[PDB]
């Protein structure tokens, strides 16, 4: 305690984050996995853009880091949303580690208004529910007020955008993409604050709404890897006013190519920005101290090699 490990991608964008406090371990998201549905089960039909590439898989880096840390137990796994590059390794983790619970908001294909954004989502969701039932791992889907503040080693954690919002009948409210449903975590320890918002976007107003409620932080994980079209809205960055942005991506901020204007804007504001992308190390690690964040990535063994 107290450290945050952002598992590095080889290529593309994917989130797996390990929180380490005192001697406790937890995960915020789990990264993309080898498995995917092929359409042999019509519940999970093939659809175009389901991820298949081993170059985008984080499975081996996640499991190697956990083993290198002598993890015996995860106190929780928090899942931000159902996309495979976030929920992907949950059932593999549930099958390997003791886990005391999982935070997983409700999902249904029916609540996504675009058929071309269903992909893999349900397969991943249903892997969590089925595997957690087989292992007796408690799944918190109806997160009370609640529930949404709580204590993890030395870390104080506050959740946002955690409710299952319903229509009448209710039925989950319709959204354009599961990104807008992203479960947000703010972690506070040693006088520092870290925002972790999955693939939060502003398509249904979530950045406009939660920016002012979250307020000032020190370290911000970029929303949705690198996108500046529908995420990482300037009002949202100014609300959080982070000293450091970490991207779980090998790409610079991106809107029809490198958003050089946006990259320049961050430098002008004095915001440092780093990519958690590597061929040499499993994670970009910060030590979270009273004095600031120290990048201790090179203090771990490299990937063999």
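Positions refer to the first chain, counted from 1.
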Select between 46-54 and 255-263 the stretch whose C-alpha atoms have the higher average B-factor in the entry.
255-263
On mean Cα temperature factor in this entry, is 10-18 or 285-293 the higher one?
285-293
Out of 144, 115, 180, 82, residue topping the C-alpha B-factor column of the entry:
144
Scanning 224, 216, 188, 106 for peak Cα temperature factor in the entry gives 188
Temperature factor at the Cα of residue 238, chain-ranked in thirds, falls in the lowest
Quick check on the deposited entry: does the C-alpha B-factor of residue 154 sit in the lowest, middle or highest third of its chain?
highest
Which third, lowest, middle or highest, does the CA B-factor of residue 89 fall in along this chain?
lowest
Can you tell me whether residue 70 has a C-alpha B-factor in the lowest, middle or highest third compared with the other modelled residues of the same chain?
highest
Quick tally, chain-level thirds of C-alpha B-factors: residue 167 sits in the highest
